[PDB]
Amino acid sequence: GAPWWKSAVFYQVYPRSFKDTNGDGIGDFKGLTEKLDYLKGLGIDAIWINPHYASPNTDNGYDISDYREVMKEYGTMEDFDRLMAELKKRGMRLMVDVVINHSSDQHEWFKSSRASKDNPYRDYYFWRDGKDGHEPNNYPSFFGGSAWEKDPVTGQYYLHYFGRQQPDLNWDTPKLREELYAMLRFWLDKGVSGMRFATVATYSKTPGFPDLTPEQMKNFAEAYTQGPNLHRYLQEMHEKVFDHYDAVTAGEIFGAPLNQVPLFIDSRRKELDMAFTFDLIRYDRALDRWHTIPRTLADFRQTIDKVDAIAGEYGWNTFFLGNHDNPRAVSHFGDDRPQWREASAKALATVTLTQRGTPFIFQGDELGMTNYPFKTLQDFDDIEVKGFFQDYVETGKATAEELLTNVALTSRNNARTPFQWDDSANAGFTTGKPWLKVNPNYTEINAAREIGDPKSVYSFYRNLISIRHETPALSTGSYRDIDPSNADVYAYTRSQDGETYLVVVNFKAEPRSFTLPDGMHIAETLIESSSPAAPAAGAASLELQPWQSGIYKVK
């Protein structure tokens, strides 16, 4: 049979922005725990939570200062234990985020490492002499400036691919590997069902740290995935940790060329179980990560087809249209204008829930939440944007205005505005002042309004989750794009054990038709959105309303 995770629907919870229960304006574990019935009723099998560890929060949990303690803002270890127990009560599973490319610079390992060149923890991190009067080499940081920071305590520089307060951990050091493996066991021994490995493809660094070529410089995120020992380390982690448990692992394979993805997820390789890739969600992002490039449905569907191709007989993909690092799904891939938001959000739900792979729904997407109307500099506050200011505005490459107009569309804060529970003060997320403002559209878009409405985005998601669960081909079926070149109507089949389903989604705000492949006809209509009526049994074609979606069994 297929592992539970291949037929699961996951929901991602960004705990900081999901539900606050003590009026400090930051979401927490008690808030999440209080909302499990809501997630269970939606039909969710397992939740992935963003990092929940002790953290100075320079990067909202991705800078961890103690891997064996809970972040103070979310609660205590007891609250974490209660979350797990309450999930388990409901037959639901927890996946946690694992951030072991780097720690906080406040982690005690780093506090020791920096003390001297002979410190026992010195090689828990990468320390190098400057060269030619400046940095060890020309590596840039994702979060601005050089990836090398001089520490005058020793006069050497340490490596940080991300923030200056996120020094990279040195996987070449076996005692470091052993500490990380022991840390992973600490959490898995508590009963955690899954682990998502953040930036998993950057763990291996190239011996000697030679300069990037100017080609590599223009795509340094890819260069940082090419360390010669990467798969050696992932295999060791599996041997020493995951072989001993039954937790699912997922890698956030950021930066890596798609053709390398099989090395991470082929089950025979004993590395990771499934891939988060970024080819789709960044399919319209420029190399600088902040400009957008126009794309069409043909580019969208062709990327999916390529990502599907790298999950062979033995590999497996996740599928997602949003996460805490990206704009809102309906804003990004749909049409978020008041007249099309609901219709297009339903369309994208149909896509999400009928893809081959394990779908992850990001918190709020089931309501049709949208991008935020940024109005002030403060609205954009985020370490990555601070870095774009450093790299692009201080250097005179762009004005602040150019940067913010563009980051309005791409800002990670679009995804981090509080979840909109109801139409009370701050959409019911907090009784205090939320850490990020609530989107003003919460008067219209909120869970309490949608749950009771048969025609809401929520109810559609719920109904799609039910259909997928009921229908094996829709989870583990083969996938085939009916016409990769079509830029109007996305259509595809899922097949398993001699049953074939057809998914058809108009991405245009206009009527369009669709002719089924010769020899194929409609047998039954499982569900549709924005349709006035279902096709007649035997139909060789369909008339589509704007943004209409449907799933059909064919014959």
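Just count from 1 along the sequence shown to find any residue number.
> Is the mean CA B factor in the deposited entry higher across 25 to 33 or across 506 to 514?
Taking the mean B-factor of the alpha carbons in each, 506 to 514 is higher.
> Going by the mean C-alpha B-factor recorded in the entry, which is higher: 337 to 345 or 157 to 165?
Higher of the two, by average CA B-factor, is 337 to 345.
> From the list 381, 305, 284, 149, select the residue with the highest C-alpha B factor recorded in the entry.
Each of 381, 305, 284, 149 was compared by C-alpha B-factor; the highest is 381.
> According to the Cα B-factor stored in this entry, which of the following is highest: 216, 420, 225, 411?
The listed residue with the largest C-alpha B-factor is 216.
> For the chain shown, is the CA B-factor of residue 539 in the lowest, middle or highest third of its modelled residues?
Highest third - that is where residue 539 ends up once the chain's C-alpha B-factors are sorted.
> Going by what the PDB entry lists, where does residue 493 fall on CA B-factor within its chain: lowest, middle or highest third?
Highest third - that is where residue 493 ends up once the chain's C-alpha B-factors are sorted.
> Sorting the chain's modelled residues by C-alpha B-factor, tell me whether residue 39 ends up in the lowest, middle or highest third.
Middle third, going by the recorded CA B-factors of the chain.
> Taking only the Cα B-factors deposited for this chain, tell me whether residue 182 sits in the lowest, middle or highest third.
Tercile = lowest for this residue's CA B-factor.
> Splitting the chain's C-alpha B-factors into thirds, which one does residue 487 fall into?
It falls in the top third of the chain.
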